[PDB]
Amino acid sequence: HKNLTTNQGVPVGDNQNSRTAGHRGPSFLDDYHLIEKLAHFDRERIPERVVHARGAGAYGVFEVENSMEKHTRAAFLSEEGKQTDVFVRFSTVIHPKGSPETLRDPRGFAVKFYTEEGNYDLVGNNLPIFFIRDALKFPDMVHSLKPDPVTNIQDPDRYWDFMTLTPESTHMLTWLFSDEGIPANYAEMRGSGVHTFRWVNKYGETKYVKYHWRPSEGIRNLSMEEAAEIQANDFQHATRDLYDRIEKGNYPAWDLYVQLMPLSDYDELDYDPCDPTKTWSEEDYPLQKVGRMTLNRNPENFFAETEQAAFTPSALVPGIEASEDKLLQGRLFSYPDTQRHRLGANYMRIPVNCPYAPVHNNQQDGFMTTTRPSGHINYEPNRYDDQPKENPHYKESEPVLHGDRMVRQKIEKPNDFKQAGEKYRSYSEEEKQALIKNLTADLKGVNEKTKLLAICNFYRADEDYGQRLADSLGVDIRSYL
């Protein structure tokens, strides 16, 4: 048994009735419990994430099967058997909190590893590529895909306008409009790092790496019809599924694989290996097994742990570095930037975001300082040998720059259509039919000029792809061939 109390620790005598002039009269201002309780209610909500607002979290463990020390000095990957606690959030992308989990979208796949050398965030999606290759375009891309700013309804005429005029999107669209654009749930779903990262070993040698998560539960996707049926009865089916699996003891798991490429292979390829619109051939750069992640624990409070969770691709640990990918480069900034807004200057003290590794630095103050700070010395250099010092063992590498000037210029070898054509041709006939069906339903009402340009981009990827789409939309494209 417990007393209901105010926030001052005073027990509440009556949690039913406001304080009033007799039994039916108007209310008094001197009702601290009423005002405190309403005022805190009135302040429950914080801004939702600007994208990936709808999602679900769980905790688990990552266990290494094969040490990666030949390629990275990352502590959490150093030894067979080594276990690292994770927190993972899965999500949709475009619509707000409360939106259905039956909509076409990439799905987020964000993993926070609580390592002995700091938190490592691998902030992935299910699909292995992206629509754009420079962060400068992200707000434009997002705005195009978001509900129209007048109507509050998503409009394919808007996002296809953007995408058609951004032909580097063609590969991504060739995946997103497969039925893998609507995963069945968060467990039966792929995971990808998307970007090339740099792995640096004990000798200082660097390789490029890509990360892949393969679900133990296999990949299951929904057709448009299957998605509609689920939407009719449950707008939160994936959130429900994840919680329920774990509550029943049916823990979902993913194997982690990497591809590795020498830096020197840039020069021989017909694409830029750090263009995130590109994959790497699994023939030429085979998947290498790293380990397994198992999610086995629901959070205790959805708001405090899942809603407040903060991931950033710049949360890198020794041995794992950013590549020069210009999309990634902007992410390094945007995540901690948004999070200071969404969660507060001290968001890294919120429990789910705290490292297991010790934190010692000269930062101070900010809204909601809860950490009981002490001491006179908040500056370095200082004369005190016991105060925190820099540690040169933990310097990052020094990537070689191939450019000579500060420029705003597209990467060389953009090669916008080739891989989209390869993906198309890798599709089974059924999968090619689903792709065309899903494209057609999406494009059939868009502006004719934008429609034609979409067809043209897909035709440039593969003639049979473009032509099939034209046939299905009833567009004759002979005069242009």
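Note that residue numbering follows the sequence shown and begins at 1.
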*Hey, which bit's got the bigger mean C-alpha B factor in the entry, 261-269 or 183-191?*
261-269
*If you average the CA temperature factors over each stretch, which comes out higher, 154-162 or 379-387?*
379-387
_Peak C-alpha temperature factor (PDB record), options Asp42, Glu36, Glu430, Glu48_ = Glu430
_Using only the C-alpha B-factors in the record, can you name which of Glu116, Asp365, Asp275, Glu305 has the highest?_
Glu116
*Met224: which third of its chain by C-alpha temperature factor?*
middle
*Would you mind ranking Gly60 by its C-alpha B-factor against the rest of the chain and naming the third, lowest, middle or highest?*
lowest
*Considering only modelled residues of the same chain, in which third does the CA B-factor of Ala434 rank: lowest, middle or highest?*
highest
*Would you please rank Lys413 by its C-alpha temperature factor against the other modelled residues of its chain and give the third it falls in: lowest, middle or highest?*
middle
*Taking the C-alpha B-factors as the PDB entry records them, is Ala74 in the lowest, middle or highest third of its chain?*
middle
